[PDB]
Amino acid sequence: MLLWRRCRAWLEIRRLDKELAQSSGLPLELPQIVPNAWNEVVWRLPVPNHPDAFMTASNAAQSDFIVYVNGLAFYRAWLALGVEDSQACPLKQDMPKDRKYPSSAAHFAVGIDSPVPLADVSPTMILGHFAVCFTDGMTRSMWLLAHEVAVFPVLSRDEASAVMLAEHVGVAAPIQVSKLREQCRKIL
C-alpha cells in the first residue's frame, strides 16, 4: 500500500543522504573512455566483483550532452519522483525483480563487442522538489545501480538541462556529444 511505499522511500533517501555525506569529496571510480573498432564514444565501466560493463553514446544526437553522474546521487533524485509515477524507482533491493531486468543483464553480459547505449534522462520538478525522469533507459539504469556502478554517463537533451543535472547529481561539468566525439578522434 501507499504509506508502506512512501515510508520505505523516505528511509532509503535518508540512507542515501548519509552515504553521500560520508563519501563527500572522496575520489570515485570513473568510466574510462576506450579506443574502439567503430566511430563511437565507448566507456569501460568497472563493476565491483563483476566483469566490466561497456556503454556507448552511439545512439546520441550531436546536440545531446553527456553528464557523468554519481550513482548514489542519481538514485536519490530518481526516488524523488515519488512512488506513484509510472517511472517510479524500485528500491535497489527489488531492481532485479523488474520485468526487463534479465534482458538488460543479458545485454550487459556481451561486453566491448556490443556496448549498452546510454539512458536519456531529464531534470524535472515534482511536488516542489528536484527529481530525474526518463525518456528511455530506466532498466539499464537499474542494472547499473543494483550493481553499484559508482559513476556512469547519461544523455541530456540540451546544455541547460545537462548543467542542471550536473549541479544536482553530477561529478563533473557536462560535455556536448559532438565535442566529445571530436576530442576522442583527435586523441584516441
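Note that residue numbering begins at 1 and tracks the sequence as displayed.
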**Message:** If you take the mean CA temperature factor per stretch, which one wins between 169-177 and 17-25?
**Reply:** 17-25
**Message:** Please compare 67-75 with 107-115 and say which has the higher mean C-alpha temperature factor in the record.
**Reply:** 107-115
**Asked** Considering only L127, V149, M55, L155, which residue's Cα atom bears the greatest B-factor as recorded?
**Response** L127
**B-factor third for the C-alpha atom of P46 within its chain** = middle
**Request:** Just say lowest, middle or highest third for the CA B-factor of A61 relative to the other modelled residues in its chain.
**Result:** middle
**Item:** Third of the chain's Cα B-factor distribution that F134 belongs to, per the entry
**Value:** lowest
**Item:** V163, C-alpha B-factor rank within chain (lowest, middle or highest third)
**Value:** lowest
